[PDB]
């Protein structure tokens, strides 16, 4: 097994890694709308969702995975009313490949993020 680290996603600040590879599977940590330099994006819900996906792309690629090998995602959202907007952005990344998914509204996310996504992906 091994930890995944990339400078193209926010640094894992604390007792966790950006992700872990075990067997041929990559488990990401949940990604929020932080830039790699570590500050929150302050545009709309769609801009925040794009940043989450930028971070996911970076950790996936460092792990030898891609969006096309994601098997399962969990989407934590701050407001279920914003689901349609999050889903529009989400579908640009999972276009022809469509992972299993669950989406729920939590009480609160780290740094009061509007969206947080974790993924599990195959490493070919």
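Numbering follows the first chain given and starts at 1.
- In this entry, 33-41 shows the higher mean Cα temperature factor of the pair 33-41 and 72-80.
- Relative to its counterpart among 104-112 and 11-19, 11-19 has the higher mean temperature factor, C-alpha atoms as listed in the PDB entry.
- Split the chain's modelled residues into thirds by C-alpha temperature factor. Residue 28 is in the lowest one.
- Among all modelled residues in its chain, residue 94 ranks in the highest third by Cα B-factor.
- For residue 54, the recorded CA temperature factor ranks within the lowest third of the chain's modelled residues.
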